[PDB]
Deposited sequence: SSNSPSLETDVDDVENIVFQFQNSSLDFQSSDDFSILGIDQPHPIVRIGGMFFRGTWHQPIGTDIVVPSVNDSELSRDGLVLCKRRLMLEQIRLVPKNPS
């Protein structure tokens, strides 16, 4: 069946055309913050938490089953713009 130490979180992107592939570098600043910052490859994102109405089921392909009721992170791409030239 599928299961409802570690937590699992869906990351959803405002721009669904951005390509994130395996081997791409991934890091997060502030997963505990209301607005985490995520870096993937050379791209940066700012996240916002959102609670969809309903439940997610996540099912694995053949890798070497989850039921998620909690929040997902909604990520918009950002530019890091110097406040002063």
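- Residues of the deposited sequence that lack C-alpha coordinates fall in the stretches 1 to 5, 10 to 12, 73 to 78, 100.
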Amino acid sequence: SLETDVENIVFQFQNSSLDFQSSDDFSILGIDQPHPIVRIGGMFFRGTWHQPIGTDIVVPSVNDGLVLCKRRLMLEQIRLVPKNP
From here on, numbers count along this sequence of modelled residues.
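- In this PDB entry, the Cα temperature factor of residue 36 sits in the middle third of its chain's modelled residues.
- In this PDB entry, residue 64 carries a Cα temperature factor that places it within the highest third of its chain's modelled residues.
- Residue 76: CA B factor in the lowest third of modelled residues in this chain (values from the PDB entry).
- In the deposited entry, the Cα temperature factor of residue 58 places it in the lowest third of its chain's modelled residues.
- The PDB entry assigns residue 21 a C-alpha temperature factor belonging to the middle third of its chain's modelled residues.
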